[PDB]
Amino acid sequence: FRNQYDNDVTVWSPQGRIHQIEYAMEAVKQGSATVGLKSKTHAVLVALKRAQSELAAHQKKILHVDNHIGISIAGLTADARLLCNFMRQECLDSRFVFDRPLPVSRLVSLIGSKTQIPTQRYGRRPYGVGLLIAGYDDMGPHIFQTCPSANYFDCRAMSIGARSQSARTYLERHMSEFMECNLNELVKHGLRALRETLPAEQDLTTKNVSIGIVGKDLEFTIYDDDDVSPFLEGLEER
Amino acid sequence: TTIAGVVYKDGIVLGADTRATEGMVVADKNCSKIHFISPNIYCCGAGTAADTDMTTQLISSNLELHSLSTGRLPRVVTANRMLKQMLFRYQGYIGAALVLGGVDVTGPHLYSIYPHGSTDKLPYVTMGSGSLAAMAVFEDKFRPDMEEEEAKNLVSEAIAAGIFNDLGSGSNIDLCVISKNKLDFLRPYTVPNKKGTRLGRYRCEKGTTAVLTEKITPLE
Amino acid sequence: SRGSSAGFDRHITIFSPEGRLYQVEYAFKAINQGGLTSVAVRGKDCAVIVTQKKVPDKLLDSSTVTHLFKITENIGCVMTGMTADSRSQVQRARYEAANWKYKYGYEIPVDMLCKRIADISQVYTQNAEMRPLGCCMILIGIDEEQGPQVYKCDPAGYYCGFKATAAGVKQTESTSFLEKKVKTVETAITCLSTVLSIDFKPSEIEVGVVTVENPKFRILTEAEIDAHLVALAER
Amino acid sequence: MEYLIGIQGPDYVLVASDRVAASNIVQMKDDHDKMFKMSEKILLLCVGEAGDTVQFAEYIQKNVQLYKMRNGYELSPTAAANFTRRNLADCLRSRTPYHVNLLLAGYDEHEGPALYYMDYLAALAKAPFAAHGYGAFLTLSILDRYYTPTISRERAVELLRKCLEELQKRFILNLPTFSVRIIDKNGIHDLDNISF
Amino acid sequence: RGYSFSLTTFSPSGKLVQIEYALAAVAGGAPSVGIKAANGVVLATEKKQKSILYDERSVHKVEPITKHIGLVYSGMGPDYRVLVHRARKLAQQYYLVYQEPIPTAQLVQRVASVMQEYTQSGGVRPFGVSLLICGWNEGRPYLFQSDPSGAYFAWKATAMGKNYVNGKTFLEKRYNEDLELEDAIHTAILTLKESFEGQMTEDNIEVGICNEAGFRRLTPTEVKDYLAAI
Amino acid sequence: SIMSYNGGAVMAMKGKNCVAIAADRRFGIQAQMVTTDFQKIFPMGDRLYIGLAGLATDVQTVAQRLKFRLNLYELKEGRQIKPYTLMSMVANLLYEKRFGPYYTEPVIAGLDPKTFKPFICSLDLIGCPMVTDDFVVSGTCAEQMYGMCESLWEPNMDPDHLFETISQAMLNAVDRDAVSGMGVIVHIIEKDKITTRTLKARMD
Amino acid sequence: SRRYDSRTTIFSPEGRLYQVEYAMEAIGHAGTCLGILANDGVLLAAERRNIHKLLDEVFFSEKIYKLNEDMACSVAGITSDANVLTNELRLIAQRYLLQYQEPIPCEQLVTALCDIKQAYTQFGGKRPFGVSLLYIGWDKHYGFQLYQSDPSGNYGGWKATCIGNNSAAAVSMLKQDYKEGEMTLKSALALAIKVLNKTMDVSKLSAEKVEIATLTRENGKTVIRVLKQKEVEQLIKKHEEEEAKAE
Amino acid sequence: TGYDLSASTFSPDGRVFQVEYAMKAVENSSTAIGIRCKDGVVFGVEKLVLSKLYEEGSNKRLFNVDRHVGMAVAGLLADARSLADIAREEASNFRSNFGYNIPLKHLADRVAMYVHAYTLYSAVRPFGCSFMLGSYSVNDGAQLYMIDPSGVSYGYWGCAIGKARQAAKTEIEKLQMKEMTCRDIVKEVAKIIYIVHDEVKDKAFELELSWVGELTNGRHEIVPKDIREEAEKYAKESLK
Amino acid sequence: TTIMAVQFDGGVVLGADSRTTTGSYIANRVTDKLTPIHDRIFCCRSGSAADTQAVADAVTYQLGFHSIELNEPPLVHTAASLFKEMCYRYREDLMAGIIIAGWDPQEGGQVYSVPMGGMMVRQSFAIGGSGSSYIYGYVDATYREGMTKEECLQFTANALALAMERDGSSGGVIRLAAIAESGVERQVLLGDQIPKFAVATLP
Ligand SMILES: [Cl-]
Ligand SMILES: [Cl-]
Ligand SMILES: [Cl-]
Ligand SMILES: [Cl-]
Ligand SMILES: [Cl-]
Ligand SMILES: [Cl-]
Ligand SMILES: [Cl-]
Ligand SMILES: [Cl-]
Ligand SMILES: [Cl-]
Ligand SMILES: [Cl-]
Ligand SMILES: [Cl-]
Ligand SMILES: [Cl-]
Ligand SMILES: [Cl-]
Ligand SMILES: [Cl-]
Ligand SMILES: [Cl-]
Ligand SMILES: [Cl-]
Ligand SMILES: [Cl-]
Ligand SMILES: [K+]
Ligand SMILES: [K+]
Ligand SMILES: [Mg+2]
Ligand SMILES: [Mg+2]
Ligand SMILES: [Mg+2]
Ligand SMILES: [Mg+2]
């Protein structure tokens, strides 16, 4: 009942599913957790970084797209770079042609369209990456989520990756507070949600946390290493 | 060149002279300018001779494929369309000026086709460097619904006008008569021109030409 | 032999050991999936097409439920089989006819249109990467020399001209009915009624006609269909 | 303007070429060599437009050498001349025509000595003697006057000299030295430059 | 799009089974016969025509290629139409260049080469047809067969389709060289009658002839006449 | 004129069961003679020859490309080409280059390989064929050649009279053309043999 | 697409190319075809499979193909495939003549066709051509020559060989009777018949069942002829006379 | 099957199972309905909220494909969005080439033929979506079409797609929609969505509503928020 | 050439002269420059005969196919748009000055000009061709809002007659067509039927 239907993105299963798309989504579920949330004025991304060994640097999770847009990634690194490069190019083209920033919802539509194409053609494969997209434009702050299925979602807040269900539960619990939060409070909420994804013994540190922020008076900025310290203290102990 | 055509009571008469020139020298005294298109359609040609030859040959061939497929006799309109669409695509660079005539299921039809791809459907037409001389004959004498012999006379008179008044035209008159019941390809129809009789006898004996080398190669 | 199979001969259009093309044979079964039957008959004066019109729903806009299509002003058609496949083949026919007229300066003959569609279908029986279309096309028109014409082509790329013919679920029973008779509008509707055992309301069939007097393809209204049903009913 | 000359005797072909590379009003090189070794018994002498001359001759040279490596023996002078002609003719109406005038000199084991003339249009003529360049206008009649088909190589070099002395006397361009080579059954031999 | 790999390949015993199976389609096709007479060629074929409902004149199995060449087949009709269209196109291409009608053998070679392509090119099956091609040129008749592999053969007489083995032995007993066209037509029809079933008429067989005047189908009335005697 | 850059002249002439084809021998570049034995007439069969005048490079290219096509034809067909068919093959070759032509205007002379009937024709540079029953001429002295041929040609000449006529027509025509001459070669084609001669000719 | 692909151009686990090997089995069942080199010429002798019937006899041979002025070949295997390859050989030969204005040397023509055959084994996913060829020729570099090529795109030069049905047995007979450096066309012909007589296990050898072509030099020109049936009956008769004298 | 892996393969009974499987993806999606009435077309969609973390408006299943044309979808939403882009391009190209607004029937037929092209080949898969197109103009009146994964296209008085299609059709059948206005019909659409919603299996949905009609001057638009809310209140109170 | 079309309540009138020239030779003195594009849609052609015949044939094809697909009579504005698209796109390679006129059930009688360059404008009446220069004044002085069919035919015939007298490149007969919901009515004015206006010879 499964094996003949699971190798080709062009093969529908008898249940109306495409197993290659479901399998690409497992790449994201096994990525390290990331959280995105927004207030009325800011969009924030928070990401756990994995280090393969004790002497490796932690893998980048947060990438600059344009002054008004950044992304957090979960899944295949090389697919994330490909999609980020596409997003960057669409943003440059908009500024070249129109001399104004590409609206964030339009960029997400373009990702949906681009990522849908290989799901329908023989010998191609879905993108094995999920994105959280933080942006600010004329319609305010945004958090979008994109998926290997090519579907995308407009979010009050979201978490993807390993044990992200825990983060999602925290986010639902506190989301009625987010709109009115100052930036410090909002980032703290992001970090608390992300901390829920950790085994009981592990903590947020300057080595494993990455932060991205964009807003009304703030171009998309990435905070790593010593620069996350202001945000980590913070923070009620677990 | 002088080429021409008329619609008569029962069909079409086409006509042509037989001179081909290269510059202001006669190359061929007996060029055939009335080309086969199909058993019921012929086409006189003027303009660049290679282009009229190859264009008529191509359309004749494509029309044969067409009739082989349909099992029907071809239509003059079909030859017209094929010719004009090709000439148009080439933008006048194929120098074929054509008088296309035939008889199909809808009766007799006559078209002039120009190098840029324009066509005119008309009861009489002329083309070539003699075309004004031939047209003058037609304007003066054409009547609708002529009988076969009158139409043949008229066309040969028109071709003759080109022959005698256009330096580009000469030698014989060819006609082609096409009706529902018959095709008469009349080559030559008339021979108004003849080389004068030779008066001085040359007759050069063997050994008149000095030879430096010789090789005989026996065959088969 | 007798139903033998090797390798992929049930999946793609390659020969079976008997020299059969199972994928083509299956395309004929696809024609019956729609559950409809169509009939066409020619006489000296006209050619007619009739088919069932099933509108079980009523939430349907019934004026959009048709299997009759105009190809040119003077060529009509009835499609039988898979609906989307059929619509595609109608579009192709329309294109072929229009292109013919543009290139050759006269309307495509019905036999030539049928042949062209049949030749296009042939390709699908010889190239492995696409399936045949699971539909059958019946064409009617007036030929200036031969009179009314009815032509049929199928997923194998066979085609023929007919005195009368049928397609779909009751094709074989329609063929027997029409054979017995042949040894026009009333024949077509009687054949269809007999083989289905229905006795029709005017909203349950569609009829299209071409005539030597009026070569333009015409679809009968309900009232026009009813005048035939009533004339028949009174034997 | 560049000068090439060839003279075919019974069993040899003698060739020479000027050694000047000029640009505008200056000679920029006085030991330039216009001859290209195609194989053990073939020389190609090439003049014409800058860039085209070397690019064409070296393309031919590489392909002649390739034939040898692929097949284990060499192209004949005649085959090499026709290959050269095919390429030049094939390029004539292309986007990349080569404006070059050539002599090809060779010796074949079985056919003996051969001299071929080609112009930039790629007309190919076999000849007992030939020359290219404006200097040919002043020297061809000397060759017509004194040549014979059985001309010995020691006489052929004198005949060559008379042609070159005529250029010193009468030609308006300064061509003071010439490369001289002879081909025979024993391959290509360098002779002394002829200098003034 | 297109599959780029061959669908016909060698089996371990060296067979091209798709070609053998194409030949099985031909063997199950309606019979066809060809006879080369001293002064012409005849081609004859049975219509697998059920139904009174068919318009027997609407499609022909015996088809002209040029004024001087014609054809018939056994096997799959729609595949045949592909080859007819190609043969016609090949003949015209030749005529455009050489301004002479294509020699029968040249036409056969070109059509056979097309059939070969479909045994090797990507993503296609071979044609399920064998052709019989007749013509007249160099003052002489020709009869050829071209098979699904692209192999072609010159015949004095032959049969193909259902019961062809017996048709060939029937012809072996009955054919002689110096035989004339009119007699050959008769024997071609008798060869079809050997495997017919269900009474012959001028509507369920087709006959074509080739001589010095050219290739043409016999009319129903002409066939009716020959059918008197049989 | 492109056609006068190398000069040159060819002609063919019909007799009683024989044909003749002739050419000058000069290869020159504008005023300068380069050689005096340049081949312009090429065998296309035992009894079928083509003569090409015009731009020397294209004379050679057309002869070679034509031979490529003819060899393939003869291998495929298993027979010698008919004169009319060679004419058509040449016409097709030239007309392929309709918009960037070869600068050569061939003449063809031969006997049918099976019936031995005489054939002559010429073609213009884009492949328009002209068959005649008397003579054809091509080259830088076409007018001079027309004058000689019109005055001397007669129907049904035997091979010896055909030889003298084509020879006198060539010699006297090219002697009024600065860029044709330096020798004349003549081939007489008969059923049972080919006779090739070079003529005593002016070398100025 | 991946499901239906045969994968004709891949290695098997032992480094084999199965389609090439299977094509070689097809050839092994085709008509016997041999080639013999002599001092004054070269020959091809082939079993005819157009073995007679009501067949019509319209070409000069069945399996012997002229390639250019100086070369011919014969074939064993799939006839339609042979027609494609022999056409290509003719084209290659004419391309070479066009370019160099001399005839293509024999080994160069063979090599050029073999590169095409090789390509069909390495890329493209097509079935190989089911043909082996024997080539006979003369050129100015190596004079009289005989080659063999097969569907791998391999070739070799031979003094004598055989392809097609019973080739192994034929090569044994050739190894034992062929006189290196001492064969004439007359003796090669006698040997060709001796070999076909033993390897045609379809009944007492007959002129209608074989084709023989010879390639010689006469007056600086290559001459390629297919022997007429009269000559072949005579050679068969001389062989049968000789087997009687053997007692 | 064995016979159900490629849209270029018929089964022995003449089915194209890959198309049927694509239809199962549509039949697993929540329900959308369209209803044509006297003066326009109204769409409604049961839009399941799979997380309270999503914005109210995420994953819209109603699209503008031309100023006069709305599209309502069910099935795999990336495939549906792709088809909405195809529809938009078709409508735009039509205006550029012919110089007027694309007739709804012609747009439906053109996009259906695109959908159909994805049901013939092993090289691509069928779309996993069905969609409705709706329009209104004074000249053409109200028009409502529905296209499925096979590429079939018909016109409708009322239509439903997704998992409760049959239950929805039985409620739509009770309306005399020919005589009702868009402002009446929105309510009915809301009511029917509430009836067929399975509140035990899947709690939480949003109602999405759009319309095109005389009242919008032939423009396809979202139903205004106040009217949607009064429609929901009517549907909820009708349910008890 | 002179071409013209004029709107009335319920239809249009179209007209043309019949002269085709090569230089100052009249190659066709009875040219039909009014070409049907569909049942009730015509175009009037001026400029290069090759170009306008080729474009008209192509538009006829495009519009025919469109009309079968839609199962409705085509709009005059659609015909004009198709001409415009082709005449604009290929404006560097065409010499074509077109008037499109006809009737459809949605907008009634309509006249569109597609002059050289490929702009498109609806007009009450339109004139074009080489001879149009000579009748701008006349049409401007003579045109009246609300003209009947029989008045529009007279207006057209008079304008064309004036242009034909003065323009060497125009002449022959006057071809007229009236198009309305009832159909197309064609006629020819020849010889003495062509409106006559004296030469102003001296007192
Ligand atoms: Cl990750
Ligand atoms: Cl990775
Ligand atoms: Cl998803
Ligand atoms: Cl996740
Ligand atoms: Cl037309
Ligand atoms: Cl002229
Ligand atoms: Cl049209
Ligand atoms: Cl592939
Ligand atoms: Cl055909
Ligand atoms: Cl016939
Ligand atoms: Cl070539
Ligand atoms: Cl050729
Ligand atoms: Cl050769
Ligand atoms: Cl006029
Ligand atoms: Cl204008
Ligand atoms: Cl204008
Ligand atoms: Cl104008
Ligand atoms: K298939
Ligand atoms: K005037
Ligand atoms: Mg133009
Ligand atoms: Mg350059
Ligand atoms: Mg001279
Ligand atoms: Mg001089």
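Residues numbered from 1 in each chain as written, not as in the entry; some residues may be left out. Chains lettered and ligands numbered in written order. Part of a larger assembly, values for the part shown. Heavy atoms only, no water. Residues with missing side-chain atoms left out of burial classes, pairs and counts.

Structure determination for this entry is recorded as X-ray crystallography, at 1.80 Å resolution.

The PDB entry annotates chain F as Proteasome subunit beta type-3 of Homo sapiens. As recorded in the PDB, this entry has the title "Native human 20S proteasome at 1.8 Angstrom".

The name the PDB entry gives chain B is Proteasome subunit beta type-7, with Homo sapiens as the organism. According to the UniProt record, the Catalytic activity comment for chain B is "Cleavage of peptide bonds with very broad specificity." (UniProt positions renumbered as here; feature names shortened; annotations may be inferred.)

Colleague: Quick question: what am I supposed to make of the sheet that holds strand β6 (residues 147-153) of chain C here?
Modeller: Across a sheet, strands are paired by hydrogen bonds formed along the backbone, either parallel or antiparallel in direction. Residue and element names in this part refer to chain C. On the basis of which strands lie adjacent, the open sheet formed by five strands has the order β3-β4-β5-β6-β7 and antiparallel pairing. Both edges of this open sheet fall to β3 (68-72) and β7 (159-161), since each of them pairs with a single strand only. Neighbour to neighbour, the strand axes of the sheet diverge by 25° on average, direction disregarded. In terms of strand pairing, β3 meets strand β4 (residues 75-81) through four bridges, oriented antiparallel. The partner of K70 across the bridge, within β4, is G76. Docked against the sheet, helix α2 (residues 83-104) engages β3, β4 and β5 (135-143), running at close to 20° with respect to β3. (Pairing = 2+ DSSP bridges. Helix = DSSP H or I, 4+ residues; strand = E, 2+ residues; numbered from the N terminus. Axes fitted to C-alpha atoms, helices over the stretch in contact; angles between N-to-C directions. Contact = heavy atoms within 4.5 Å.)

Colleague: Help me understand the sheet that holds strand β10 (residues 214-217) of chain E, please; the structure alone is not making it clear to me.
Modeller: Residues and elements named next belong to chain E. Strand order in the open sheet formed by five strands is β8-β1-β2-β9-β10, and the pairing between neighbours is antiparallel. At either margin of the open sheet sits one strand with a lone partner, and together these are β8 (157-160) and β10. Here the strands of the sheet are splayed against their neighbours by 10° on average, with no regard to which way each runs. Where strand β1 (residues 32-36) lies against strand β2 (residues 41-46), five bridges are found, and the strand directions are antiparallel. By the bridge assignment for β2, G34 is matched with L43. Seen against the sheet, helix α5 (residues 181-193) touches β1, β2 and β9 (205-211) and runs at an angle of roughly 20° to β2.

Colleague: How should the interface of chain E and chain G be read in this particular structure?
Modeller: For interface size, the figure often reported is the accessible area lost on association. At the interface, 37 residues of chain E touch 32 residues of chain G. Summing both sides of the interface, chain E and chain G together bury roughly 2800 Å²; the carbon and sulfur share of this comes to 62%. Summed over the three residues of chain E that lose the most area to chain G, namely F5(E), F10(E) and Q120(E), the buried surface amounts to 25% of that side. If you look at where chain E meets chain G, you find three salt bridges. Linking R140(E) and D56(G) is a salt bridge whose minimum nitrogen-to-oxygen distance equals 3.2 Å. Counting across the interface, chain E meets chain G through 13 residue pairs in polar contact. Elements that contribute at least two residues to the side of chain E that touches chain G include exactly α3 (104-117), β6 (140-146), β7 (152-154) and α4 (164-174) of chain E. If you tally residues by element for the side of chain E that touches chain G, the top one is α4(E), at four residues. (Buried area = accessible area lost by both parts, 1.4 Å probe. Salt bridge = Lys/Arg side-chain N within 4 Å of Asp/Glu carboxyl O. Polar contact = N/O pair within 3.5 Å; in protein donor to acceptor, adjacent residues only side chain to side chain.)

Colleague: For this particular structure, what's the right way to read the packing of helix α1 (residues 52-71) of chain D against helix α2 (residues 77-92) of chain D?
Modeller: Packed helix pairs are characterised by how far apart their axes lie and by the angle those axes make with each other. Residues and elements named next belong to chain D. Where α1 contacts α2, the two axes come as close as 11 Å, and the packing angle between them is 135°. The angle between α1 and α2 falls in the class oblique. Note on packing geometry: the crossing formed by α1 with α2 is right-handed. Counting all contacts with α1, which are made through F56, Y59, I60 and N63, the residues of α2 involved are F83, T84, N87 and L88. (Parallel < 35°, antiparallel > 145°, perpendicular 65-115°, else oblique. Left-handed = near helix turned anticlockwise from the far one by under 90°.)

Colleague: Just checking my understanding: could you explain the packing of aromatic side chains for this structure?
Modeller: Each aromatic ring pair is summarised here by two numbers: the centre-to-centre distance and the angle between the ring planes. Scanning the model with the defined rule gives 50 aromatic pairs over all chains in all. Both rings, one in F162(C) and one in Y54(E), keep their centres 5.3 Å apart while their planes meet at 40°; by these two values the pair is tilted. Of this pair, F162(C) sits in the loop between β7 and β8 (164-168) while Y54(E) sits in the loop between β2 and β3 (63-64), placing the two residues on different chains. Ring centres of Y117(D) and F27(F) lie 6.3 Å apart, and the angle between their planes is 75°; this geometry places the pair in the edge-to-face category. Note that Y117(D) is positioned in strand β8 (residues 112-118) and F27(F) in strand β3 (residues 27-29), a pairing that runs across two chains. Overall, the relative accessible area of 4% leaves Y117(D) in the buried class. For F27(F), a relative accessible area of 1% puts it in the buried group. Aromatic rings pair up to connect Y67(D), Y73(D), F83(D), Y96(G), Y100(G) and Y142(G) into one cluster. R140(E) extends its terminal NZ or CZ atom over the ring of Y142(E), reaching a point 4.4 Å from the ring centre. (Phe/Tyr/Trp six-rings, centres within 6.5 Å; stacked < 30°, edge-to-face > 60°. Buried < 20%, exposed > 50% of the residue type's maximum accessible area, 1.4 Å probe, protein only. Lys NZ or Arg CZ within 6 Å of the ring centre and 35° of its normal.)

Colleague: What should I look at first to understand helix α3 (residues 104-117) of chain H in this one?
Modeller: In an α-helix, one turn spans 3.6 residues; hence positions three or four apart end up facing the same way. Residue and element names in this part refer to chain H. Its 14 residues give α3 an end-to-end C-alpha distance of 20 Å, which sits within 8% of 20 Å, the value for a rise of 1.5 Å per residue. The element α3 is extensively covered by neighbouring structure, given that 10 of its 14 residues are classed as buried. Where α3 is concerned, the buried positions are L104, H106, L107, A108, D109, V111, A112, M113, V115 and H116. (Expected span 1.5 Å × (residues − 1).)

Colleague: Explain the UniProt feature "active site" in chain B here, please?
Modeller: Residue and element names in this part refer to chain B. Per the UniProt record, "active site" is found at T1. Excluding its chain neighbours within four sequence positions, the residues that come into contact with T1 are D17, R19, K33, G45, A46, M127, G128, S129, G130, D166, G168 and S169. A polar atom in the side chain of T1 sits 2.9 Å from the side chain of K33.

Colleague: Whenever I open this one, the interface of chain H and chain A confuses me. Can you help?
Modeller: Residue-level contacts link 31 residues of chain H with 34 residues of chain A. For the side of chain H that touches chain A, the secondary structure elements donating two or more residues are α1 (17-27) and α2 (77-98) of chain H. Here the element with the most residues in the side of chain H that touches chain A is α2(H); it accounts for six residues. Counted by class, the side of chain H that touches chain A contains 14 nonpolar, nine polar and eight charged residues. (Nonpolar A, V, L, I, M, F, W, Y, C, P; charged D, E, K, R; others polar.)

Colleague: What is the right way to look at the arrangement of the chains in this model?
Modeller: There is a gap between chain A and chain D: no contact, and a shortest C-alpha distance of 36 Å. There is no contact between chain B and chain D; across them, the least C-alpha separation is 19 Å.

Colleague: When you look at helix α6 (residues 225-239) of chain H in this model, what are you seeing that I'm missing?
Modeller: Residues and elements named next belong to chain H. Compared with the 21 Å implied by 1.5 Å per residue over 15 residues, the 21 Å span of α6 between its first and last C-alpha is a close match. The elements touched by buried residues of α6 are α5 (182-196) and β9 (205-213). Just past α6, the residue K240 takes up positive phi, approximately 70°.

Colleague: For this particular structure, what's the right way to read the environment of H29(G)?
Modeller: Mapping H29(G) onto the fold places it in helix α1 (residues 18-29). Separated by 151 residues in sequence, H29(G) and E180(G) have C-alpha atoms that sit 29 Å apart. Among residues more than four places away in sequence, those in contact with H29(G) are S13(E) and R49(G).

Colleague: It is not clear to me how the pairing of strand β1 (residues 34-38) of chain A should be interpreted in this structure. Could you clarify?
Modeller: A regular strand carries its side chains on alternate faces of the sheet. Residues and elements named next belong to chain A. Counting buried positions along β1 gives five out of five residues, so the element sits mostly inside the fold. The alternating pattern of β1 places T34, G36 and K38 and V35 and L37 on opposite faces, both of which are buried. Judged from the four bridges that link them, β1 and strand β8 (residues 157-160) form a sheet pairing that is antiparallel. Within β8, the position partnered with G36 by the bridge is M158. Pairing of β1 with strand β2 (residues 42-48), which is carried by five bridges, proceeds in the antiparallel orientation. The residue bridging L37 from the neighbouring strand is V44, located in β2.

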